[PDB]
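J.: mmCIF, C-alpha atoms; chains and numbers go by the auth columns, file work31.cif:
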data_protein
#
loop_
_atom_site.group_PDB
_atom_site.id
_atom_site.type_symbol
_atom_site.label_atom_id
_atom_site.label_comp_id
_atom_site.label_asym_id
_atom_site.label_seq_id
_atom_site.Cartn_x
_atom_site.Cartn_y
_atom_site.Cartn_z
_atom_site.B_iso_or_equiv
_atom_site.auth_seq_id
_atom_site.auth_asym_id
ATOM 1 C CA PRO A 1 96.512 115.697 131.814 0.00 11 A
ATOM 2 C CA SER A 2 93.078 117.093 131.023 0.00 12 A
ATOM 3 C CA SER A 3 93.607 119.663 128.268 0.00 13 A
ATOM 4 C CA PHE A 4 96.261 120.687 125.751 0.00 14 A
ATOM 5 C CA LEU A 5 96.977 124.323 124.858 0.00 15 A
ATOM 6 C CA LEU A 6 97.639 124.490 121.123 0.00 16 A
ATOM 7 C CA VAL A 7 99.395 127.458 119.542 0.00 17 A
ATOM 8 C CA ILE A 8 102.073 129.486 113.756 0.00 19 A
ATOM 9 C CA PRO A 9 104.183 130.513 116.752 0.00 20 A
ATOM 10 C CA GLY A 10 106.452 132.977 114.949 0.00 21 A
ATOM 11 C CA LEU A 11 103.636 135.001 113.356 0.00 22 A
ATOM 12 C CA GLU A 12 101.634 135.608 116.520 0.00 23 A
ATOM 13 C CA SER A 13 100.966 139.276 115.697 0.00 24 A
ATOM 14 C CA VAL A 14 98.512 138.992 112.780 0.00 25 A
ATOM 15 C CA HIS A 15 96.336 135.876 112.685 0.00 26 A
ATOM 16 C CA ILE A 16 93.053 136.859 110.998 0.00 27 A
ATOM 17 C CA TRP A 17 94.729 137.450 107.620 0.00 28 A
ATOM 18 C CA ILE A 18 96.324 133.970 107.591 0.00 29 A
ATOM 19 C CA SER A 19 92.987 132.136 107.945 0.00 30 A
ATOM 20 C CA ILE A 20 91.509 133.334 104.627 0.00 31 A
ATOM 21 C CA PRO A 21 93.441 130.839 102.427 0.00 32 A
ATOM 22 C CA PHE A 22 92.643 127.945 104.772 0.00 33 A
ATOM 23 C CA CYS A 23 88.931 128.776 104.897 0.00 34 A
ATOM 24 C CA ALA A 24 88.826 129.140 101.113 0.00 35 A
ATOM 25 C CA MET A 25 90.638 125.827 100.598 0.00 36 A
ATOM 26 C CA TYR A 26 88.325 124.018 103.016 0.00 37 A
ATOM 27 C CA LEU A 27 85.221 125.427 101.324 0.00 38 A
ATOM 28 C CA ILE A 28 86.544 124.503 97.871 0.00 39 A
ATOM 29 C CA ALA A 29 87.396 120.956 98.955 0.00 40 A
ATOM 30 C CA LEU A 30 84.024 120.439 100.637 0.00 41 A
ATOM 31 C CA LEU A 31 82.099 121.745 97.623 0.00 42 A
ATOM 32 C CA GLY A 32 84.126 119.697 95.140 0.00 43 A
ATOM 33 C CA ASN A 33 83.825 116.451 97.083 0.00 44 A
ATOM 34 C CA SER A 34 80.104 117.017 97.657 0.00 45 A
ATOM 35 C CA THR A 35 79.548 117.614 93.938 0.00 46 A
ATOM 36 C CA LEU A 36 81.614 114.556 92.997 0.00 47 A
ATOM 37 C CA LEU A 37 79.567 112.333 95.308 0.00 48 A
ATOM 38 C CA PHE A 38 76.279 113.927 94.223 0.00 49 A
ATOM 39 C CA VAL A 39 76.893 113.412 90.497 0.00 50 A
ATOM 40 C CA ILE A 40 77.123 109.627 90.935 0.00 51 A
ATOM 41 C CA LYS A 41 73.859 109.465 92.899 0.00 52 A
ATOM 42 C CA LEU A 42 78.941 105.640 85.318 0.00 57 A
ATOM 43 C CA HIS A 43 78.711 102.297 87.136 0.00 58 A
ATOM 44 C CA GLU A 44 82.333 101.340 86.503 0.00 59 A
ATOM 45 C CA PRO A 45 85.019 100.154 88.946 0.00 60 A
ATOM 46 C CA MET A 46 87.250 103.176 88.309 0.00 61 A
ATOM 47 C CA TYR A 47 84.391 105.490 89.251 0.00 62 A
ATOM 48 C CA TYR A 48 83.783 103.443 92.410 0.00 63 A
ATOM 49 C CA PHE A 49 87.407 103.926 93.444 0.00 64 A
ATOM 50 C CA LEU A 50 87.151 107.632 92.594 0.00 65 A
ATOM 51 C CA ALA A 51 84.059 107.925 94.800 0.00 66 A
ATOM 52 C CA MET A 52 85.810 106.143 97.673 0.00 67 A
ATOM 53 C CA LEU A 53 88.804 108.460 97.271 0.00 68 A
ATOM 54 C CA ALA A 54 86.579 111.543 97.302 0.00 69 A
ATOM 55 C CA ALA A 55 84.669 110.403 100.393 0.00 70 A
ATOM 56 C CA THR A 56 87.829 109.558 102.343 0.00 71 A
ATOM 57 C CA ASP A 57 89.441 112.841 101.290 0.00 72 A
ATOM 58 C CA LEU A 58 86.418 114.892 102.365 0.00 73 A
ATOM 59 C CA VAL A 59 86.203 113.167 105.745 0.00 74 A
ATOM 60 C CA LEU A 60 89.940 113.710 106.269 0.00 75 A
ATOM 61 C CA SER A 61 89.705 117.402 105.359 0.00 76 A
ATOM 62 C CA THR A 62 86.724 117.998 107.653 0.00 77 A
ATOM 63 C CA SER A 63 88.655 116.568 110.627 0.00 78 A
ATOM 64 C CA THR A 64 91.443 119.172 110.804 0.00 79 A
ATOM 65 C CA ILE A 65 90.312 122.551 109.436 0.00 80 A
ATOM 66 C CA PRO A 66 87.681 123.594 112.045 0.00 81 A
ATOM 67 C CA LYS A 67 90.122 123.398 114.963 0.00 82 A
ATOM 68 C CA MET A 68 92.666 125.553 113.119 0.00 83 A
ATOM 69 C CA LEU A 69 89.993 128.060 112.096 0.00 84 A
ATOM 70 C CA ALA A 70 88.706 128.266 115.675 0.00 85 A
ATOM 71 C CA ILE A 71 92.228 128.831 117.002 0.00 86 A
ATOM 72 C CA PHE A 72 92.850 131.548 114.412 0.00 87 A
ATOM 73 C CA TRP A 73 89.558 133.402 114.918 0.00 88 A
ATOM 74 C CA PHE A 74 88.092 132.681 118.358 0.00 89 A
ATOM 75 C CA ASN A 75 91.472 132.171 120.105 0.00 90 A
ATOM 76 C CA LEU A 76 90.059 129.112 121.909 0.00 91 A
ATOM 77 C CA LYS A 77 93.223 127.006 122.102 0.00 92 A
ATOM 78 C CA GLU A 78 92.128 124.191 124.441 0.00 93 A
ATOM 79 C CA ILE A 79 91.732 120.609 123.204 0.00 94 A
ATOM 80 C CA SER A 80 90.679 117.627 125.298 0.00 95 A
ATOM 81 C CA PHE A 81 93.049 114.655 125.391 0.00 96 A
ATOM 82 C CA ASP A 82 90.418 112.327 123.951 0.00 97 A
ATOM 83 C CA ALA A 83 89.938 114.747 121.062 0.00 98 A
ATOM 84 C CA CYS A 84 93.687 114.778 120.395 0.00 99 A
ATOM 85 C CA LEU A 85 93.866 110.978 120.273 0.00 100 A
ATOM 86 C CA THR A 86 90.803 110.808 118.017 0.00 101 A
ATOM 87 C CA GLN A 87 92.191 113.429 115.629 0.00 102 A
ATOM 88 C CA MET A 88 95.550 111.647 115.420 0.00 103 A
ATOM 89 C CA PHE A 89 93.965 108.280 114.652 0.00 104 A
ATOM 90 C CA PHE A 90 91.540 109.721 112.097 0.00 105 A
ATOM 91 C CA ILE A 91 94.212 111.694 110.223 0.00 106 A
ATOM 92 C CA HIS A 92 96.668 108.815 109.944 0.00 107 A
ATOM 93 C CA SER A 93 94.035 106.203 109.071 0.00 108 A
ATOM 94 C CA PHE A 94 92.587 108.389 106.323 0.00 109 A
ATOM 95 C CA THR A 95 96.011 109.078 104.815 0.00 110 A
ATOM 96 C CA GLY A 96 96.586 105.324 104.681 0.00 111 A
ATOM 97 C CA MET A 97 93.240 104.717 103.064 0.00 112 A
ATOM 98 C CA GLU A 98 93.874 107.383 100.457 0.00 113 A
ATOM 99 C CA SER A 99 97.145 105.674 99.531 0.00 114 A
ATOM 100 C CA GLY A 100 95.402 102.304 99.314 0.00 115 A
ATOM 101 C CA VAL A 101 92.679 103.742 97.093 0.00 116 A
ATOM 102 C CA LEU A 102 95.301 105.159 94.731 0.00 117 A
ATOM 103 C CA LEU A 103 96.939 101.729 94.519 0.00 118 A
ATOM 104 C CA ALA A 104 93.581 100.106 93.738 0.00 119 A
ATOM 105 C CA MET A 105 92.938 102.674 91.001 0.00 120 A
ATOM 106 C CA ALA A 106 96.311 101.869 89.433 0.00 121 A
ATOM 107 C CA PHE A 107 95.493 98.150 89.473 0.00 122 A
ATOM 108 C CA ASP A 108 92.125 98.812 87.828 0.00 123 A
ATOM 109 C CA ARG A 109 93.787 100.850 85.077 0.00 124 A
ATOM 110 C CA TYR A 110 96.317 98.073 84.447 0.00 125 A
ATOM 111 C CA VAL A 111 93.667 95.351 84.230 0.00 126 A
ATOM 112 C CA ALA A 112 91.701 97.587 81.868 0.00 127 A
ATOM 113 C CA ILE A 113 94.597 98.287 79.509 0.00 128 A
ATOM 114 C CA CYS A 114 96.297 94.883 79.343 0.00 129 A
ATOM 115 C CA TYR A 115 93.040 92.859 79.245 0.00 130 A
ATOM 116 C CA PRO A 116 90.328 94.872 77.467 0.00 131 A
ATOM 117 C CA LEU A 117 88.072 91.858 76.833 0.00 132 A
ATOM 118 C CA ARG A 118 88.221 90.312 80.337 0.00 133 A
ATOM 119 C CA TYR A 119 87.856 93.586 82.237 0.00 134 A
ATOM 120 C CA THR A 120 84.306 92.970 83.497 0.00 135 A
ATOM 121 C CA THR A 121 84.654 89.221 84.154 0.00 136 A
ATOM 122 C CA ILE A 122 87.721 89.753 86.376 0.00 137 A
ATOM 123 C CA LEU A 123 86.442 92.764 88.315 0.00 138 A
ATOM 124 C CA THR A 124 83.135 91.825 89.937 0.00 139 A
ATOM 125 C CA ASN A 125 81.201 93.866 92.468 0.00 140 A
ATOM 126 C CA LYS A 126 82.075 91.234 95.048 0.00 141 A
ATOM 127 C CA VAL A 127 85.812 91.246 94.310 0.00 142 A
ATOM 128 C CA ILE A 128 85.935 95.053 94.244 0.00 143 A
ATOM 129 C CA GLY A 129 84.174 95.167 97.603 0.00 144 A
ATOM 130 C CA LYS A 130 86.573 92.585 99.022 0.00 145 A
ATOM 131 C CA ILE A 131 89.554 94.636 97.817 0.00 146 A
ATOM 132 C CA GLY A 132 88.138 97.810 99.354 0.00 147 A
ATOM 133 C CA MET A 133 87.415 96.072 102.653 0.00 148 A
ATOM 134 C CA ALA A 134 90.942 94.638 102.668 0.00 149 A
ATOM 135 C CA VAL A 135 92.444 98.093 102.099 0.00 150 A
ATOM 136 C CA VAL A 136 90.328 99.647 104.859 0.00 151 A
ATOM 137 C CA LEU A 137 91.138 96.822 107.281 0.00 152 A
ATOM 138 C CA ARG A 138 94.867 97.074 106.558 0.00 153 A
ATOM 139 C CA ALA A 139 94.864 100.839 107.112 0.00 154 A
ATOM 140 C CA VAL A 140 92.849 100.570 110.339 0.00 155 A
ATOM 141 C CA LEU A 141 95.005 97.772 111.708 0.00 156 A
ATOM 142 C CA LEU A 142 98.213 99.608 110.925 0.00 157 A
ATOM 143 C CA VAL A 143 96.888 102.866 112.428 0.00 158 A
ATOM 144 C CA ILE A 144 95.373 101.309 115.565 0.00 159 A
ATOM 145 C CA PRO A 145 98.613 100.896 117.569 0.00 160 A
ATOM 146 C CA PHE A 146 99.550 104.610 117.528 0.00 161 A
ATOM 147 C CA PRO A 147 97.055 105.818 120.194 0.00 162 A
ATOM 148 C CA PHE A 148 97.744 102.760 122.359 0.00 163 A
ATOM 149 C CA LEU A 149 101.521 103.181 122.146 0.00 164 A
ATOM 150 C CA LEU A 150 101.225 106.882 122.965 0.00 165 A
ATOM 151 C CA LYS A 151 98.846 106.275 125.890 0.00 166 A
ATOM 152 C CA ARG A 152 101.346 103.729 127.202 0.00 167 A
ATOM 153 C CA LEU A 153 103.631 106.635 128.121 0.00 168 A
ATOM 154 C CA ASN A 154 101.599 121.334 127.744 0.00 174 A
ATOM 155 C CA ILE A 155 102.027 123.526 124.652 0.00 175 A
ATOM 156 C CA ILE A 156 102.139 122.203 121.078 0.00 176 A
ATOM 157 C CA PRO A 157 103.589 124.638 118.481 0.00 177 A
ATOM 158 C CA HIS A 158 101.231 123.477 115.744 0.00 178 A
ATOM 159 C CA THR A 159 97.581 123.643 114.674 0.00 179 A
ATOM 160 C CA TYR A 160 96.553 119.970 114.967 0.00 180 A
ATOM 161 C CA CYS A 161 97.656 116.886 116.884 0.00 181 A
ATOM 162 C CA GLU A 162 100.444 115.312 114.835 0.00 182 A
ATOM 163 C CA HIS A 163 101.980 112.092 116.141 0.00 183 A
ATOM 164 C CA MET A 164 105.568 113.203 115.522 0.00 184 A
ATOM 165 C CA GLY A 165 104.885 116.599 117.085 0.00 185 A
ATOM 166 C CA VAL A 166 103.018 115.178 120.076 0.00 186 A
ATOM 167 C CA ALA A 167 105.726 112.565 120.678 0.00 187 A
ATOM 168 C CA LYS A 168 108.176 115.367 121.519 0.00 188 A
ATOM 169 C CA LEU A 169 106.286 115.793 124.815 0.00 189 A
ATOM 170 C CA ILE A 170 111.590 109.117 121.368 0.00 194 A
ATOM 171 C CA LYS A 171 114.048 106.512 120.078 0.00 195 A
ATOM 172 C CA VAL A 172 111.451 103.713 119.848 0.00 196 A
ATOM 173 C CA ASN A 173 108.305 105.263 118.358 0.00 197 A
ATOM 174 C CA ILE A 174 110.278 106.541 115.362 0.00 198 A
ATOM 175 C CA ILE A 175 111.124 102.975 114.288 0.00 199 A
ATOM 176 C CA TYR A 176 107.450 102.049 113.971 0.00 200 A
ATOM 177 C CA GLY A 177 106.642 105.428 112.425 0.00 201 A
ATOM 178 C CA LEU A 178 109.232 104.719 109.735 0.00 202 A
ATOM 179 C CA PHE A 179 108.054 101.114 109.276 0.00 203 A
ATOM 180 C CA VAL A 180 104.426 102.118 108.686 0.00 204 A
ATOM 181 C CA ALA A 181 105.512 104.712 106.106 0.00 205 A
ATOM 182 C CA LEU A 182 107.373 102.030 104.117 0.00 206 A
ATOM 183 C CA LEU A 183 104.369 99.672 104.233 0.00 207 A
ATOM 184 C CA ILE A 184 101.422 101.820 103.115 0.00 208 A
ATOM 185 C CA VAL A 185 103.288 104.581 101.239 0.00 209 A
ATOM 186 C CA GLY A 186 106.648 103.078 100.314 0.00 210 A
ATOM 187 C CA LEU A 187 105.075 99.966 98.794 0.00 211 A
ATOM 188 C CA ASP A 188 102.540 102.071 96.882 0.00 212 A
ATOM 189 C CA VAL A 189 105.369 103.679 94.899 0.00 213 A
ATOM 190 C CA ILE A 190 106.831 100.301 93.939 0.00 214 A
ATOM 191 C CA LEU A 191 103.483 98.800 92.961 0.00 215 A
ATOM 192 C CA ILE A 192 102.434 101.858 90.940 0.00 216 A
ATOM 193 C CA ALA A 193 105.771 101.884 89.108 0.00 217 A
ATOM 194 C CA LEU A 194 105.420 98.167 88.360 0.00 218 A
ATOM 195 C CA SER A 195 101.840 98.652 87.137 0.00 219 A
ATOM 196 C CA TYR A 196 102.944 101.518 84.872 0.00 220 A
ATOM 197 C CA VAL A 197 106.002 99.825 83.365 0.00 221 A
ATOM 198 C CA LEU A 198 103.828 96.806 82.502 0.00 222 A
ATOM 199 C CA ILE A 199 101.211 99.047 80.885 0.00 223 A
ATOM 200 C CA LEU A 200 103.776 100.938 78.799 0.00 224 A
ATOM 201 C CA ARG A 201 105.484 97.660 77.855 0.00 225 A
ATOM 202 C CA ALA A 202 102.177 96.470 76.341 0.00 226 A
ATOM 203 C CA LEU A 203 97.531 105.471 71.811 0.00 237 A
ATOM 204 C CA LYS A 204 94.048 106.567 72.869 0.00 238 A
ATOM 205 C CA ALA A 205 93.983 103.888 75.583 0.00 239 A
ATOM 206 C CA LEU A 206 97.156 105.387 77.076 0.00 240 A
ATOM 207 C CA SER A 207 95.514 108.832 77.348 0.00 241 A
ATOM 208 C CA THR A 208 92.843 107.560 79.768 0.00 242 A
ATOM 209 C CA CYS A 209 95.671 106.910 82.253 0.00 243 A
ATOM 210 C CA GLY A 210 96.901 110.508 81.974 0.00 244 A
ATOM 211 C CA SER A 211 94.585 112.003 84.596 0.00 245 A
ATOM 212 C CA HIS A 212 95.704 109.460 87.208 0.00 246 A
ATOM 213 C CA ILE A 213 99.331 110.580 86.847 0.00 247 A
ATOM 214 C CA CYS A 214 98.442 114.128 87.905 0.00 248 A
ATOM 215 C CA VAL A 215 96.931 112.886 91.178 0.00 249 A
ATOM 216 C CA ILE A 216 100.109 110.944 91.972 0.00 250 A
ATOM 217 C CA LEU A 217 102.246 113.972 91.127 0.00 251 A
ATOM 218 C CA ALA A 218 100.114 116.234 93.328 0.00 252 A
ATOM 219 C CA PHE A 219 99.972 113.823 96.282 0.00 253 A
ATOM 220 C CA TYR A 220 103.427 112.223 96.390 0.00 254 A
ATOM 221 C CA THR A 221 105.683 115.160 95.513 0.00 255 A
ATOM 222 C CA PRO A 222 104.402 117.241 98.473 0.00 256 A
ATOM 223 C CA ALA A 223 105.075 114.187 100.644 0.00 257 A
ATOM 224 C CA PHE A 224 108.666 114.007 99.386 0.00 258 A
ATOM 225 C CA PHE A 225 109.127 117.749 99.924 0.00 259 A
ATOM 226 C CA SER A 226 107.757 117.437 103.465 0.00 260 A
ATOM 227 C CA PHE A 227 110.056 114.484 104.155 0.00 261 A
ATOM 228 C CA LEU A 228 113.075 116.452 102.944 0.00 262 A
ATOM 229 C CA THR A 229 112.100 119.515 104.998 0.00 263 A
ATOM 230 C CA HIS A 230 111.416 117.331 108.066 0.00 264 A
ATOM 231 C CA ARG A 231 114.924 115.824 107.949 0.00 265 A
ATOM 232 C CA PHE A 232 117.251 118.603 106.710 0.00 266 A
ATOM 233 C CA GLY A 233 115.174 121.734 107.374 0.00 267 A
ATOM 234 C CA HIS A 234 117.067 123.215 110.317 0.00 268 A
ATOM 235 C CA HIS A 235 118.005 126.734 109.173 0.00 269 A
ATOM 236 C CA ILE A 236 114.429 127.648 108.265 0.00 270 A
ATOM 237 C CA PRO A 237 112.439 129.196 111.130 0.00 271 A
ATOM 238 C CA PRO A 238 109.674 126.995 112.579 0.00 272 A
ATOM 239 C CA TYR A 239 106.723 129.041 111.290 0.00 273 A
ATOM 240 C CA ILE A 240 107.771 128.231 107.725 0.00 274 A
ATOM 241 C CA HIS A 241 107.778 124.577 108.775 0.00 275 A
ATOM 242 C CA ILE A 242 104.225 124.879 110.133 0.00 276 A
ATOM 243 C CA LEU A 243 102.947 126.642 107.017 0.00 277 A
ATOM 244 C CA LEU A 244 104.608 124.074 104.752 0.00 278 A
ATOM 245 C CA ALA A 245 103.149 121.134 106.685 0.00 279 A
ATOM 246 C CA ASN A 246 99.668 122.661 106.619 0.00 280 A
ATOM 247 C CA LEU A 247 99.923 123.327 102.877 0.00 281 A
ATOM 248 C CA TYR A 248 101.233 119.841 102.088 0.00 282 A
ATOM 249 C CA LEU A 249 98.409 118.287 104.103 0.00 283 A
ATOM 250 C CA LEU A 250 95.673 120.552 102.708 0.00 284 A
ATOM 251 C CA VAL A 251 96.359 121.167 98.997 0.00 285 A
ATOM 252 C CA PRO A 252 95.769 117.541 97.807 0.00 286 A
ATOM 253 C CA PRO A 253 92.169 117.881 99.059 0.00 287 A
ATOM 254 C CA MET A 254 91.930 121.042 96.953 0.00 288 A
ATOM 255 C CA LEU A 255 93.516 119.573 93.823 0.00 289 A
ATOM 256 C CA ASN A 256 91.846 116.147 93.699 0.00 290 A
ATOM 257 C CA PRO A 257 88.184 117.090 92.984 0.00 291 A
ATOM 258 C CA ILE A 258 89.177 119.699 90.386 0.00 292 A
ATOM 259 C CA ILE A 259 91.143 117.115 88.379 0.00 293 A
ATOM 260 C CA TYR A 260 88.438 114.429 88.316 0.00 294 A
#
Now, as a test, write the supplied structure out as structure tokens.

T.:
Amino acid sequence: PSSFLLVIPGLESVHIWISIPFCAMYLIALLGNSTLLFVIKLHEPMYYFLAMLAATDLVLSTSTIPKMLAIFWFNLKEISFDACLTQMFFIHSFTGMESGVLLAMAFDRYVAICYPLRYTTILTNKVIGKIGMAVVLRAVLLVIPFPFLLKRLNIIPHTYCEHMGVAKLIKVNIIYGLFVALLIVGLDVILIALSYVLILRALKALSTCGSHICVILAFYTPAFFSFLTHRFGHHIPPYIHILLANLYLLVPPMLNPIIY
């Protein structure tokens, strides 16, 4: 096909009033990430990982809001196929990178707490760069097959091209979609838990790790809520499902810069 006609389907009567929270959240996220990157322009590995997280988060947020805002305001609901594939790949790759960055931050905190005297000699600008490149390469490689698999095979009740939503237009893609979740997100939980049990097994030094727990709580718990509502949420009408997905995707960009 040439174009896709995107469509909150239940609340089709009033649409201007719904766009105010999304516009405000996008502006807040953009301003916070811009300030966080500007302040660095503090040369410590943890701050490097924080900067990478902020940059990836900002680029992810800027790739979904404008289409939704345009649909809400200008009622221009046509998206080219190439744009849909690009948006899908960008969204999924940036979610994977964000998870990888969180894992790297946890590792840095562990190596700081358990080895306070060998913290600099172990983490070297070269090794940190290699770790970051490895995380980016893993995310890109694991996100690269999705557009190809979809292109191997016209109304979307959503606001952006989601792979699960687009795939409804079956029994094979879901296996890989579940495998990738338990490789870049499922393994992050295990490694973070193992890096926290080891730290606690080892007071002021334990309070520096407090801010990093809030980010995990604000980024993982919405994911668990979305997973539960995407597997047992049948009685709820679809517009609630759309609002919940948008909120779960958008509020971590709002919360992250305000915490750090």

J.: Suppose you want the space between CA of residue 263 (chain A) and CA of residue 209 (chain A); what is it in Å?

T.: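 Value for the CA of residue 263 (chain A)-CA of residue 209 (chain A) distance: 17.7 Å.
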
J.: Suppose a student applies the PyMOL selection byres ((chain A and resi 121-126) around 7) to this structure; what residues should they get, written as an MDAnalysis selection string?

T.: chainID A and resid 61 117:120 127:130 134 216 219 223 243

J.: Which one is closest to residue 153 (chain A): A:24, A:114, A:179, A:197? Count all atoms listed in the file.

T.: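 Checking each of A:24, A:114, A:179, A:197 against residue 153 (chain A), counting all atoms listed in the file, the winner is A:114.
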
J.: From the list A:264, A:246, A:107, A:26, which residue is nearest residue 158 (chain A) when using all atoms listed in the file?

T.: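 Closest candidate: A:107.
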
J.: Padding 3 Å on every side, please: axis-aligned box over the listed atoms of region 68-81 of chain A, centre and edge lengths to one decimal in Å, as AutoDock Vina command-line options.

T.:
--center_x 88.1 --center_y 116.0 --center_z 104.7 --size_x 12.8 --size_y 21.1 --size_z 20.8

J.: Would you kindly translate the PyMOL selection byres ((chain A and resi 276-290) around 6) into the concrete residues it picks from this file, as a compact mmCIF listing (two decimals) with C-alpha atoms, in the coordinates of the input?

T.:
# COMPACT_ATOMS: atom_id res chain seq x y z
CA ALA A 40 87.40 120.96 98.96
CA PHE A 253 99.97 113.82 96.28
CA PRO A 256 104.40 117.24 98.47
CA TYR A 273 106.72 129.04 111.29
CA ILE A 274 107.77 128.23 107.72
CA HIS A 275 107.78 124.58 108.78
CA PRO A 291 88.18 117.09 92.98
CA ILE A 292 89.18 119.70 90.39
CA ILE A 293 91.14 117.12 88.38

J.: In Å to one decimal, how far is CA of residue 80 (chain A) from CA of residue 64 (chain A)?

T.: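 For CA of residue 64 (chain A) relative to CA of residue 80 (chain A), the distance reads 24.7 Å.
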
J.: Evaluate the PyMOL selection byres ((chain A and resi 157) around 10) here and jot the selected residues down as a ChimeraX atom specification.

T.: /A:107-108,111,151-156,158-161,204,207-208

J.: Between A:254, A:76, A:226, A:186, which is the closest to residue 39 (chain A) once you count all atoms listed in the file?

T.: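 Residue with the minimum atom-to-atom distance to residue 39 (chain A): A:76.
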
J.: May I ask you to restore N, CA and C atoms in region 97-115 of chain A and write the result as a short mmCIF file (atom, residue, chain, number, x, y, z; two decimals), in the coordinates of the input?

T.:
data_model
loop_
_atom_site.label_atom_id
_atom_site.label_comp_id
_atom_site.auth_asym_id
_atom_site.auth_seq_id
_atom_site.Cartn_x
_atom_site.Cartn_y
_atom_site.Cartn_z
N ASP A 97 91.14 113.30 124.76
CA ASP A 97 90.42 112.33 123.95
C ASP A 97 90.30 112.85 122.52
N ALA A 98 90.03 114.14 122.38
CA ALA A 98 89.94 114.75 121.06
C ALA A 98 91.27 114.66 120.32
N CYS A 99 92.38 114.87 121.03
CA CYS A 99 93.69 114.78 120.40
C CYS A 99 93.95 113.37 119.88
N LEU A 100 93.66 112.36 120.71
CA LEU A 100 93.87 110.98 120.27
C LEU A 100 92.99 110.64 119.07
N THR A 101 91.72 111.06 119.12
CA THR A 101 90.80 110.81 118.02
C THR A 101 91.29 111.47 116.73
N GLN A 102 91.73 112.72 116.82
CA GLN A 102 92.19 113.43 115.63
C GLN A 102 93.43 112.76 115.04
N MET A 103 94.37 112.36 115.90
CA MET A 103 95.55 111.65 115.42
C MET A 103 95.17 110.38 114.66
N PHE A 104 94.34 109.54 115.28
CA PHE A 104 93.96 108.28 114.65
C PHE A 104 93.24 108.52 113.33
N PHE A 105 92.29 109.45 113.32
CA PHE A 105 91.54 109.72 112.10
C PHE A 105 92.45 110.20 110.97
N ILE A 106 93.34 111.15 111.26
CA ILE A 106 94.21 111.69 110.22
C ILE A 106 95.08 110.59 109.62
N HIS A 107 95.74 109.81 110.48
CA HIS A 107 96.67 108.82 109.94
C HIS A 107 95.93 107.71 109.20
N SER A 108 94.79 107.25 109.74
CA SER A 108 94.04 106.20 109.07
C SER A 108 93.54 106.67 107.71
N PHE A 109 93.10 107.93 107.61
CA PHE A 109 92.59 108.39 106.32
C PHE A 109 93.70 108.61 105.31
N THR A 110 94.89 109.03 105.75
CA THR A 110 96.01 109.08 104.82
C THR A 110 96.33 107.69 104.27
N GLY A 111 96.36 106.68 105.15
CA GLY A 111 96.59 105.32 104.68
C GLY A 111 95.52 104.85 103.71
N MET A 112 94.27 105.16 103.98
CA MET A 112 93.24 104.72 103.06
C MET A 112 93.41 105.41 101.73
N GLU A 113 93.69 106.69 101.73
CA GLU A 113 93.87 107.38 100.46
C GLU A 113 94.97 106.72 99.63
N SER A 114 96.08 106.36 100.26
CA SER A 114 97.14 105.67 99.53
C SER A 114 96.66 104.34 98.98
N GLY A 115 95.93 103.57 99.79
CA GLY A 115 95.40 102.30 99.31
C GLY A 115 94.45 102.47 98.14
#
